[PDB]
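Next up, upload-v1.cif (mmCIF, C-alpha atoms (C1' of nucleotides); chains and numbers go by the auth columns):
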```
data_start
loop_
_atom_site.group_PDB
_atom_site.id
_atom_site.type_symbol
_atom_site.label_atom_id
_atom_site.label_comp_id
_atom_site.label_asym_id
_atom_site.label_seq_id
_atom_site.Cartn_x
_atom_site.Cartn_y
_atom_site.Cartn_z
_atom_site.B_iso_or_equiv
_atom_site.auth_seq_id
_atom_site.auth_asym_id
ATOM 1 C CA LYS A 1 124.102 158.468 22.717 0.00 269 A
ATOM 2 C CA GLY A 2 125.869 158.647 26.071 0.00 270 A
ATOM 3 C CA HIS A 3 124.479 155.266 27.174 0.00 271 A
ATOM 4 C CA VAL A 4 126.856 152.303 27.377 0.00 272 A
ATOM 5 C CA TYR A 5 125.844 148.698 28.048 0.00 273 A
ATOM 6 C CA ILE A 6 128.136 145.914 29.284 0.00 274 A
ATOM 7 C CA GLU A 7 127.001 142.285 29.325 0.00 275 A
ATOM 8 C CA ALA A 8 128.090 140.887 32.702 0.00 276 A
ATOM 9 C CA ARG A 9 126.643 138.635 35.407 0.00 277 A
ATOM 10 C CA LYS A 10 127.375 140.686 38.555 0.00 278 A
ATOM 11 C CA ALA A 11 127.223 144.367 39.426 0.00 279 A
ATOM 12 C CA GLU A 12 130.892 144.425 40.440 0.00 280 A
ATOM 13 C CA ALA A 13 131.698 142.847 37.074 0.00 281 A
ATOM 14 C CA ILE A 14 130.119 145.874 35.387 0.00 282 A
ATOM 15 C CA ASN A 15 131.949 148.119 37.850 0.00 283 A
ATOM 16 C CA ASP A 16 135.342 146.692 36.888 0.00 284 A
ATOM 17 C CA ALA A 17 134.375 146.653 33.200 0.00 285 A
ATOM 18 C CA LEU A 18 133.741 150.405 33.445 0.00 286 A
ATOM 19 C CA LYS A 19 136.490 150.955 36.041 0.00 287 A
ATOM 20 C CA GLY A 20 139.732 152.515 34.879 0.00 288 A
ATOM 21 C CA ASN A 21 137.943 154.678 32.306 0.00 289 A
ATOM 22 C CA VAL A 22 138.165 158.464 32.263 0.00 290 A
ATOM 23 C CA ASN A 23 135.577 158.736 29.459 0.00 291 A
ATOM 24 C CA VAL A 24 132.923 157.591 31.961 0.00 292 A
ATOM 25 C CA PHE A 25 131.050 159.851 34.349 0.00 293 A
ATOM 26 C CA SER A 26 132.332 158.854 37.775 0.00 294 A
ATOM 27 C CA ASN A 27 128.783 158.019 38.884 0.00 295 A
ATOM 28 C CA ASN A 28 127.770 154.356 38.842 0.00 296 A
ATOM 29 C CA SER A 29 124.520 155.268 37.068 0.00 297 A
ATOM 30 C CA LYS A 30 123.395 151.858 35.820 0.00 298 A
ATOM 31 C CA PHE A 31 119.880 150.521 35.310 0.00 299 A
ATOM 32 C CA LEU A 32 118.640 147.006 34.644 0.00 300 A
ATOM 33 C CA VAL A 33 116.987 146.033 31.365 0.00 301 A
ATOM 34 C CA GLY A 34 113.832 143.983 30.934 0.00 302 A
ATOM 35 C CA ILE A 35 113.900 140.666 29.110 0.00 303 A
ATOM 36 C CA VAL A 36 111.905 142.177 26.245 0.00 304 A
ATOM 37 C CA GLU A 37 114.184 145.236 26.256 0.00 305 A
ATOM 38 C CA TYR A 38 117.398 143.192 26.021 0.00 306 A
ATOM 39 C CA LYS A 39 116.881 142.644 22.286 0.00 307 A
ATOM 40 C CA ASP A 40 115.474 146.161 21.872 0.00 308 A
ATOM 41 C CA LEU A 41 118.955 147.504 22.696 0.00 309 A
ATOM 42 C CA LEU A 42 120.454 145.770 19.634 0.00 310 A
ATOM 43 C CA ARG A 43 117.827 146.384 16.935 0.00 311 A
ATOM 44 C CA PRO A 44 119.518 147.782 13.780 0.00 312 A
ATOM 45 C CA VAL A 45 116.494 149.919 12.913 0.00 313 A
ATOM 46 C CA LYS A 46 114.043 154.188 0.562 0.00 319 A
ATOM 47 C CA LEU A 47 116.284 155.448 -2.258 0.00 320 A
ATOM 48 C CA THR A 48 114.607 155.074 -5.654 0.00 321 A
ATOM 49 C CA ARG A 49 115.297 156.471 -9.108 0.00 322 A
ATOM 50 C CA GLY A 50 113.061 159.405 -9.932 0.00 323 A
ATOM 51 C CA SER A 51 112.812 160.215 -6.218 0.00 324 A
ATOM 52 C CA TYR A 52 112.873 163.880 -5.246 0.00 325 A
ATOM 53 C CA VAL A 53 115.954 164.507 -3.097 0.00 326 A
ATOM 54 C CA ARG A 54 117.866 167.422 -1.584 0.00 327 A
ATOM 55 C CA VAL A 55 121.590 168.140 -1.251 0.00 328 A
ATOM 56 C CA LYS A 56 123.543 169.096 1.872 0.00 329 A
ATOM 57 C CA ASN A 57 127.214 169.020 0.825 0.00 330 A
ATOM 58 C CA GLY A 58 129.601 171.610 -0.542 0.00 331 A
ATOM 59 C CA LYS A 59 128.219 174.509 -2.549 0.00 332 A
ATOM 60 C CA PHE A 60 125.006 172.902 -3.820 0.00 333 A
ATOM 61 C CA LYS A 61 123.647 172.161 -0.336 0.00 334 A
ATOM 62 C CA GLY A 62 119.933 172.734 0.165 0.00 335 A
ATOM 63 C CA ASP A 63 119.014 172.095 -3.487 0.00 336 A
ATOM 64 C CA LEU A 64 116.232 169.656 -4.317 0.00 337 A
ATOM 65 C CA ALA A 65 116.892 167.234 -7.162 0.00 338 A
ATOM 66 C CA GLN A 66 115.997 163.918 -8.769 0.00 339 A
ATOM 67 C CA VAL A 67 118.179 160.846 -8.284 0.00 340 A
ATOM 68 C CA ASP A 68 119.332 159.855 -11.766 0.00 341 A
ATOM 69 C CA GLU A 69 121.551 156.762 -11.595 0.00 342 A
ATOM 70 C CA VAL A 70 122.965 154.793 -8.659 0.00 343 A
ATOM 71 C CA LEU A 71 126.424 153.290 -9.009 0.00 344 A
ATOM 72 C CA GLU A 72 126.817 149.533 -8.671 0.00 345 A
ATOM 73 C CA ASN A 73 129.126 149.983 -5.673 0.00 346 A
ATOM 74 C CA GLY A 74 126.289 151.596 -3.715 0.00 347 A
ATOM 75 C CA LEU A 75 127.925 154.735 -2.332 0.00 348 A
ATOM 76 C CA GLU A 76 127.396 157.419 -5.014 0.00 349 A
ATOM 77 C CA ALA A 77 124.077 158.385 -6.628 0.00 350 A
ATOM 78 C CA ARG A 78 123.719 160.655 -9.655 0.00 351 A
ATOM 79 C CA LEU A 79 121.381 163.626 -9.252 0.00 352 A
ATOM 80 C CA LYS A 80 119.375 165.923 -11.521 0.00 353 A
ATOM 81 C CA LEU A 81 119.746 169.520 -10.316 0.00 354 A
ATOM 82 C CA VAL A 82 119.034 173.034 -11.559 0.00 355 A
ATOM 83 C CA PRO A 83 122.518 174.519 -12.033 0.00 356 A
ATOM 84 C CA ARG A 84 123.766 177.553 -10.140 0.00 357 A
ATOM 85 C CA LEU A 85 126.414 178.869 -12.583 0.00 358 A
ATOM 86 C CA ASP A 86 127.872 182.350 -13.203 0.00 359 A
ATOM 87 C CA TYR A 87 128.586 182.056 -16.961 0.00 360 A
ATOM 88 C CA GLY A 88 132.137 183.322 -16.591 0.00 361 A
ATOM 89 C CA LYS A 89 131.009 186.629 -15.077 0.00 362 A
ATOM 90 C CA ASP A 90 133.450 186.545 -12.135 0.00 363 A
ATOM 91 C CA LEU A 91 135.891 183.720 -12.985 0.00 364 A
ATOM 92 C CA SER A 92 139.474 184.956 -12.668 0.00 365 A
ATOM 93 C CA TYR A 93 132.317 179.167 -4.378 0.00 383 A
ATOM 94 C CA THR A 94 130.420 178.483 -1.152 0.00 384 A
ATOM 95 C CA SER A 95 126.870 178.117 0.168 0.00 385 A
ATOM 96 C CA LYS A 96 126.401 181.801 1.115 0.00 386 A
ATOM 97 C CA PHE A 97 127.593 183.832 -1.915 0.00 387 A
ATOM 98 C CA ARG A 98 125.875 181.545 -4.423 0.00 388 A
ATOM 99 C CA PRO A 99 123.582 183.263 -6.962 0.00 389 A
ATOM 100 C CA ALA A 100 120.152 181.844 -7.782 0.00 390 A
ATOM 101 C CA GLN A 101 119.414 178.683 -9.775 0.00 391 A
ATOM 102 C CA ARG A 102 118.308 178.234 -13.380 0.00 392 A
ATOM 103 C CA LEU A 103 118.316 175.354 -15.846 0.00 393 A
ATOM 104 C CA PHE A 104 121.310 175.247 -18.161 0.00 394 A
ATOM 105 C CA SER A 105 120.758 177.209 -21.362 0.00 395 A
ATOM 106 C CA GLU A 106 123.484 176.414 -23.872 0.00 396 A
ATOM 107 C CA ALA A 107 123.078 179.737 -25.699 0.00 397 A
ATOM 108 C CA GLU A 108 123.965 181.882 -22.680 0.00 398 A
ATOM 109 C CA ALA A 109 127.100 179.877 -21.873 0.00 399 A
ATOM 110 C CA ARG A 110 128.134 180.022 -25.530 0.00 400 A
ATOM 111 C CA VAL A 111 127.611 183.785 -25.727 0.00 401 A
ATOM 112 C CA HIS A 112 129.366 184.691 -22.466 0.00 402 A
ATOM 113 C CA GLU A 113 131.981 181.974 -21.901 0.00 403 A
ATOM 114 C CA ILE A 114 131.579 173.866 -24.021 0.00 406 A
ATOM 115 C CA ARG A 115 131.940 170.400 -25.577 0.00 407 A
ATOM 116 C CA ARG A 116 128.589 169.240 -26.940 0.00 408 A
ATOM 117 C CA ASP A 117 128.273 165.452 -26.677 0.00 409 A
ATOM 118 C CA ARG A 118 124.601 164.684 -27.373 0.00 410 A
ATOM 119 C CA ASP A 119 121.398 166.648 -27.869 0.00 411 A
ATOM 120 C CA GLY A 120 120.941 168.446 -24.550 0.00 412 A
ATOM 121 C CA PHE A 121 123.884 166.636 -22.923 0.00 413 A
ATOM 122 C CA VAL A 122 126.642 169.203 -22.338 0.00 414 A
ATOM 123 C CA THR A 123 129.971 168.599 -20.582 0.00 415 A
ATOM 124 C CA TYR A 124 130.997 171.964 -19.110 0.00 416 A
ATOM 125 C CA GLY A 125 134.012 172.075 -16.789 0.00 417 A
ATOM 126 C CA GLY A 126 133.601 168.507 -15.555 0.00 418 A
ATOM 127 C CA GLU A 127 129.820 168.869 -15.105 0.00 419 A
ATOM 128 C CA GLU A 128 127.117 166.862 -16.889 0.00 420 A
ATOM 129 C CA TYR A 129 124.184 168.939 -18.173 0.00 421 A
ATOM 130 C CA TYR A 130 121.340 166.861 -19.645 0.00 422 A
ATOM 131 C CA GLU A 131 118.397 168.823 -21.095 0.00 423 A
ATOM 132 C CA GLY A 132 119.405 171.853 -19.037 0.00 424 A
ATOM 133 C CA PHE A 133 119.505 169.901 -15.755 0.00 425 A
ATOM 134 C CA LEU A 134 122.662 169.556 -13.669 0.00 426 A
ATOM 135 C CA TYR A 135 124.090 166.028 -13.446 0.00 427 A
ATOM 136 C CA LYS A 136 126.979 165.140 -11.141 0.00 428 A
ATOM 137 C CA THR A 137 128.150 162.205 -9.051 0.00 429 A
ATOM 138 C CA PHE A 138 126.785 162.904 -5.565 0.00 430 A
ATOM 139 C CA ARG A 139 127.840 160.823 -2.579 0.00 431 A
ATOM 140 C CA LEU A 140 124.897 159.178 -0.837 0.00 432 A
ATOM 141 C CA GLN A 141 126.037 160.750 2.441 0.00 433 A
ATOM 142 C CA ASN A 142 125.539 164.166 0.798 0.00 434 A
ATOM 143 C CA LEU A 143 121.855 163.675 -0.061 0.00 435 A
ATOM 144 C CA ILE A 144 118.492 163.431 1.703 0.00 436 A
ATOM 145 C CA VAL A 145 115.779 161.134 0.341 0.00 437 A
ATOM 146 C CA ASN A 146 113.600 160.722 3.441 0.00 438 A
ATOM 147 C CA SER A 147 111.528 163.353 5.243 0.00 439 A
ATOM 148 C CA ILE A 148 111.579 166.083 2.597 0.00 440 A
ATOM 149 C CA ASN A 149 108.905 168.762 2.957 0.00 441 A
ATOM 150 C CA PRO A 150 108.431 170.444 -0.445 0.00 442 A
ATOM 151 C CA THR A 151 108.465 174.244 -0.382 0.00 443 A
ATOM 152 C CA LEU A 152 106.555 176.924 -2.255 0.00 444 A
ATOM 153 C CA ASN A 153 109.279 177.252 -4.893 0.00 445 A
ATOM 154 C CA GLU A 154 109.218 173.479 -5.385 0.00 446 A
ATOM 155 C CA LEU A 155 105.455 173.495 -5.956 0.00 447 A
ATOM 156 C CA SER A 156 105.944 176.313 -8.467 0.00 448 A
ATOM 157 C CA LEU A 157 108.757 174.368 -10.185 0.00 449 A
ATOM 158 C CA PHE A 158 108.128 170.721 -9.254 0.00 450 A
ATOM 159 C "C1'" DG B 1 87.589 106.793 117.952 0.00 1 B
ATOM 160 C "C1'" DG B 2 84.192 107.680 114.989 0.00 2 B
ATOM 161 C "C1'" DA B 3 79.599 109.520 114.829 0.00 3 B
ATOM 162 C "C1'" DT B 4 76.430 112.355 116.921 0.00 4 B
ATOM 163 C "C1'" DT B 5 74.717 116.473 118.994 0.00 5 B
ATOM 164 C "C1'" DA B 6 75.126 121.851 119.540 0.00 6 B
ATOM 165 C "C1'" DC B 7 76.670 125.481 117.681 0.00 7 B
ATOM 166 C "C1'" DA B 8 80.125 129.523 116.273 0.00 8 B
ATOM 167 C "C1'" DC B 9 81.400 132.325 111.866 0.00 9 B
ATOM 168 C "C1'" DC B 10 82.959 133.399 108.260 0.00 10 B
ATOM 169 C "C1'" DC B 11 83.795 133.614 103.570 0.00 11 B
ATOM 170 C "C1'" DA B 12 82.190 133.007 98.927 0.00 12 B
ATOM 171 C "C1'" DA B 13 78.369 134.568 96.107 0.00 13 B
ATOM 172 C "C1'" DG B 14 76.699 138.416 94.364 0.00 14 B
ATOM 173 C "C1'" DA B 15 76.564 143.689 93.277 0.00 15 B
ATOM 174 C "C1'" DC B 16 78.558 147.202 91.690 0.00 16 B
ATOM 175 C "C1'" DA B 17 83.830 149.767 91.221 0.00 17 B
ATOM 176 C "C1'" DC B 18 88.489 150.761 89.412 0.00 18 B
ATOM 177 C "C1'" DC B 19 93.720 151.217 86.634 0.00 19 B
ATOM 178 C "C1'" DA B 20 97.164 151.966 82.900 0.00 20 B
ATOM 179 C "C1'" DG B 21 98.295 150.807 78.235 0.00 21 B
ATOM 180 C "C1'" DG B 22 98.230 153.108 73.902 0.00 22 B
ATOM 181 C "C1'" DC B 23 96.257 155.938 71.186 0.00 23 B
ATOM 182 C "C1'" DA B 24 94.482 160.395 68.807 0.00 24 B
ATOM 183 C "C1'" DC B 25 96.112 164.873 68.796 0.00 25 B
ATOM 184 C "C1'" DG B 26 98.561 169.333 70.071 0.00 26 B
ATOM 185 C "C1'" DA B 27 103.071 171.623 68.733 0.00 27 B
ATOM 186 C "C1'" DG B 28 107.496 172.150 68.773 0.00 28 B
ATOM 187 C "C1'" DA B 29 111.204 174.462 68.638 0.00 29 B
ATOM 188 C "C1'" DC B 30 114.390 172.984 66.211 0.00 30 B
ATOM 189 C "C1'" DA B 31 116.385 173.619 61.735 0.00 31 B
ATOM 190 C "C1'" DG B 32 115.762 174.889 56.966 0.00 32 B
ATOM 191 C "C1'" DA B 33 114.717 176.934 54.073 0.00 33 B
ATOM 192 C "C1'" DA B 34 113.749 181.461 51.071 0.00 34 B
ATOM 193 C "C1'" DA B 35 114.567 186.467 49.918 0.00 35 B
ATOM 194 C "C1'" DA B 36 115.008 191.304 49.732 0.00 36 B
ATOM 195 C "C1'" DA B 37 118.678 194.823 50.836 0.00 37 B
ATOM 196 C "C1'" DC B 38 118.730 204.034 47.304 0.00 38 B
ATOM 197 C "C1'" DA B 39 118.388 207.808 43.358 0.00 39 B
ATOM 198 C "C1'" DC B 40 120.046 209.813 38.863 0.00 40 B
ATOM 199 C "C1'" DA B 41 123.748 210.275 35.244 0.00 41 B
ATOM 200 C "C1'" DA B 42 128.342 209.917 32.522 0.00 42 B
ATOM 201 C "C1'" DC B 43 132.376 207.740 30.426 0.00 43 B
ATOM 202 C "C1'" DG B 44 135.327 203.989 28.345 0.00 44 B
ATOM 203 C "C1'" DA B 45 136.053 198.805 27.177 0.00 45 B
ATOM 204 C "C1'" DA B 46 135.814 193.868 25.440 0.00 46 B
ATOM 205 C "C1'" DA B 47 132.638 190.702 23.620 0.00 47 B
ATOM 206 C "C1'" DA B 48 132.742 181.317 21.626 0.00 48 B
ATOM 207 C "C1'" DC B 49 135.187 176.844 19.753 0.00 49 B
ATOM 208 C "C1'" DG B 50 135.965 172.328 19.088 0.00 50 B
ATOM 209 C "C1'" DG B 51 136.056 168.868 15.583 0.00 51 B
ATOM 210 C "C1'" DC B 52 134.080 168.351 11.046 0.00 52 B
ATOM 211 C "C1'" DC B 53 135.317 166.794 6.074 0.00 53 B
ATOM 212 C "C1'" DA B 54 135.231 168.307 0.963 0.00 54 B
ATOM 213 C "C1'" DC B 55 138.739 170.568 -1.319 0.00 55 B
ATOM 214 C "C1'" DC B 56 142.287 172.332 -2.786 0.00 56 B
ATOM 215 C "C1'" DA B 57 146.723 170.853 -2.508 0.00 57 B
ATOM 216 C "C1'" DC B 58 151.481 168.855 -2.773 0.00 58 B
ATOM 217 C "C1'" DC B 59 154.623 165.478 -4.227 0.00 59 B
ATOM 218 C "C1'" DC B 60 154.547 161.257 -6.351 0.00 60 B
#
```

Taking this structure as input, can you express it in the form of structure tokens?
Amino acid sequence: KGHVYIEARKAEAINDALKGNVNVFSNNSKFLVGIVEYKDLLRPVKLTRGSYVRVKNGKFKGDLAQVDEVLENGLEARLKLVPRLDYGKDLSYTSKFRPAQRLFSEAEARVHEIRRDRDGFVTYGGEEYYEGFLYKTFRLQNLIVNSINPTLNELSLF
DNA sequence: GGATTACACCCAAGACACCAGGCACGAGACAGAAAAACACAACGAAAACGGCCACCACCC
């Protein structure tokens, strides 16, 4: 970030390539690059099913999960979460007023608030609930699969 | 007119003496920096922001 490279053959060529630009610090702060480093400036640079992942988007941010099914297009990956639902207690959400999490129990939703499709698979307000676990189409940008440090609650649960 | 004879001296060999180029070291005043400059108390008053992007949203 903040570093811009221009491939020229003379210093004044770089000067005029960066001249006439207001998005450039007025200083001519330019440094040469070693032969080995030339290719190092253009180097471009772990998502598996059953991989423990966390969410960062919308209301369910910061919730660990399991990647369930990846779409053929390669942009959206299904997740297995522990729902955070209110059972119609205050329906008449964000990432700061959210109550705690708990696996879907069909009995509670039936008693308080529901189209049963298969055994354990419940479609509730556009949400997929398999065996009490939250299923929804999560965009790959919304999820973290690398560098996840499991917490105490995850050891207790996972 | 050259050698030869008779002879004056004097100057180079030999002993012990000297100059200035630069080189190590003082310090030099410049400047340039810092760096601190009363006690106690009372009152009122105002106090971060851009772009971000799911999400609700509207007409299509």

Coordinates-based distance that separates atom CA of residue 437 of chain A from atom CA of residue 327 of chain A (Å, one decimal):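 Atom CA of residue 437 of chain A lies at a distance of 6.9 Å from atom CA of residue 327 of chain A.
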
Starting from chain A, keep only residues with some atom at most 12 Å from an atom of chain B, counting all atoms listed in the file, and report them as a PDB file with C-alpha atoms, keeping the file's coordinate frame.
```
ATOM      1  CA  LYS A 329     123.543 169.096   1.872  1.00  0.00           C
ATOM      2  CA  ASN A 330     127.214 169.020   0.825  1.00  0.00           C
ATOM      3  CA  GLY A 331     129.601 171.610  -0.542  1.00  0.00           C
ATOM      4  CA  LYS A 332     128.219 174.509  -2.549  1.00  0.00           C
ATOM      5  CA  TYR A 383     132.317 179.167  -4.378  1.00  0.00           C
ATOM      6  CA  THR A 384     130.420 178.483  -1.152  1.00  0.00           C
ATOM      7  CA  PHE A 430     126.785 162.904  -5.565  1.00  0.00           C
ATOM      8  CA  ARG A 431     127.840 160.823  -2.579  1.00  0.00           C
ATOM      9  CA  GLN A 433     126.037 160.750   2.441  1.00  0.00           C
ATOM     10  CA  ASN A 434     125.539 164.166   0.798  1.00  0.00           C
TER      11      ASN A 434
END
```

Excluding segment 280-284 of chain A and any residue of its chain fewer than 2 positions from it, enumerate the residues within 12 Å of it, using all atoms listed in the file, and give them as a short mmCIF file (atom, residue, chain, number, x, y, z; two decimals) with C-alpha atoms, keeping the file's coordinate frame.
```cif
data_model
loop_
_atom_site.label_atom_id
_atom_site.label_comp_id
_atom_site.auth_asym_id
_atom_site.auth_seq_id
_atom_site.Cartn_x
_atom_site.Cartn_y
_atom_site.Cartn_z
CA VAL A 272 126.86 152.30 27.38
CA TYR A 273 125.84 148.70 28.05
CA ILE A 274 128.14 145.91 29.28
CA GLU A 275 127.00 142.28 29.32
CA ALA A 276 128.09 140.89 32.70
CA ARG A 277 126.64 138.64 35.41
CA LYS A 278 127.38 140.69 38.56
CA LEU A 286 133.74 150.40 33.44
CA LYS A 287 136.49 150.96 36.04
CA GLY A 288 139.73 152.51 34.88
CA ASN A 289 137.94 154.68 32.31
CA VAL A 292 132.92 157.59 31.96
CA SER A 294 132.33 158.85 37.78
CA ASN A 295 128.78 158.02 38.88
CA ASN A 296 127.77 154.36 38.84
CA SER A 297 124.52 155.27 37.07
CA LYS A 298 123.40 151.86 35.82
CA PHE A 299 119.88 150.52 35.31
CA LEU A 300 118.64 147.01 34.64
#
```

Expansion of the PyMOL selection byres ((chain A and resi 342) around 9) into residues, as a list in words: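 That selection, the PyMOL selection byres ((chain A and resi 342) around 9), comes back as residues 322, 340, 341, 343, 344, 349, 350, 351, 352 and 429 of chain A.
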
Between atom CA of residue 325 of chain A and atom CA of residue 338 of chain A, distance in Å (one decimal):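 Distance reported for this atom pair: 5.6 Å.
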
Interatomic distance, atom CA of residue 353 of chain A to atom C1' of residue 52 of chain B (Å, one decimal):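 Spanning atom CA of residue 353 of chain A to atom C1' of residue 52 of chain B is a straight-line distance of 27.0 Å.
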
Hits of the PyMOL selection byres ((chain A and resi 388-395) around 8) in this structure, as a list in words: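 Taken on the displayed file, the PyMOL selection byres ((chain A and resi 388-395) around 8) yields the residues residues 332, 355, 356, 357, 358, 359, 383, 384, 385, 386, 387, 396, 397, 398, 399, 421, 423, 424, 425 and 426 of chain A.
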
What are the centre and edge lengths in Å, to one decimal, of the axis-aligned box around all listed atoms of segment 391-409 of chain A with 3 Å added on each side, as lines of an AutoDock Vina configuration file?
```
center_x = 125.1
center_y = 175.1
center_z = -18.4
size_x = 19.7
size_y = 25.2
size_z = 23.2
```

Target residues per the PyMOL selection byres ((chain A and resi 445-450) around 10), formatted as a tab-separated table (two decimals) with C-alpha atoms, keeping the file's coordinate frame:
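The result, written out as result-v1.tsv:
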```tsv
chain	number	residue	atom	x	y	z
A	325	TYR	CA	112.87	163.88	-5.25
A	337	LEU	CA	116.23	169.66	-4.32
A	338	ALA	CA	116.89	167.23	-7.16
A	441	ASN	CA	108.90	168.76	2.96
A	442	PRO	CA	108.43	170.44	-0.44
A	443	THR	CA	108.46	174.24	-0.38
A	444	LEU	CA	106.56	176.92	-2.26
```
